[PDB]
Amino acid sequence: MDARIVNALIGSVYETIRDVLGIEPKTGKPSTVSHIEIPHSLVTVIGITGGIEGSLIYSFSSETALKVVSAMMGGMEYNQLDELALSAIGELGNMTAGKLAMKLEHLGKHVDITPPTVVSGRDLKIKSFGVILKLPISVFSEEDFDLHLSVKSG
C-alpha cells in the first residue's frame, strides 16, 4: 500500500481526534495484517469508493466509548451508551473519513465516503476484503483504538 495513503490516514486520525476530542493522539506503527481481531464490543465501519474502494474500521471498549463521547460533549461526564452515544462514535469516525477523503484528493485520489454503520455485540468477528492495514492508536489508554483500513482495490 502507498505510504502516501498510510500517511494520509495517520494525519486524518491525528488532526481529527485532536479537534473533536481535544486530545492529541499517539499514532503507532503501520502494519499489514491477514484478518481482523476485535477484542472489543463496539465496531464502526465506513466504506470508501472510487480511486480506492475498501473501508475504515475502528472499535474499542465500552469504557473508552464513554471517555470518547464525554470528550465530544465538551466535558460533560457520561456513562450511558444511549442512541446519541452511538452517533457520537459514528460522528467521530465519519469526520475522520471526511478528512481522509480530502487528503486523498490532493494527491489525486478521488474517493467518496459512505455514512457510518455502528455495530455492537458480544463475541464479535468481522470479515473484510482487500489488503488490511493496521494502525495502532492511543487516545486515553495505551492503544485503546485498534483501527484498520482495507483496500480491495485502489
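Note that residue numbering follows the sequence shown and begins at 1.
Stretch comparison (28 to 36 versus 89 to 97) by mean CA B-factor in the PDB entry places 28 to 36 on top. The stretch 135 to 143 shows the higher mean C-alpha B-factor when 135 to 143 is compared against 6 to 14 in the entry. The deposited CA B-factor of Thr114 belongs to the lowest third of values across its chain. When the CA B factors of the chain's modelled residues are split into thirds, the value for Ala65 lands in the highest one.
In the deposited entry, the Cα temperature factor of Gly51 places it in the middle third of its chain's modelled residues. In the PDB entry, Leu107 places in the highest third of its chain by CA B-factor. Per the deposited record, the Cα B-factor of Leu124 falls in the highest third when ranked against the other modelled residues of its chain.
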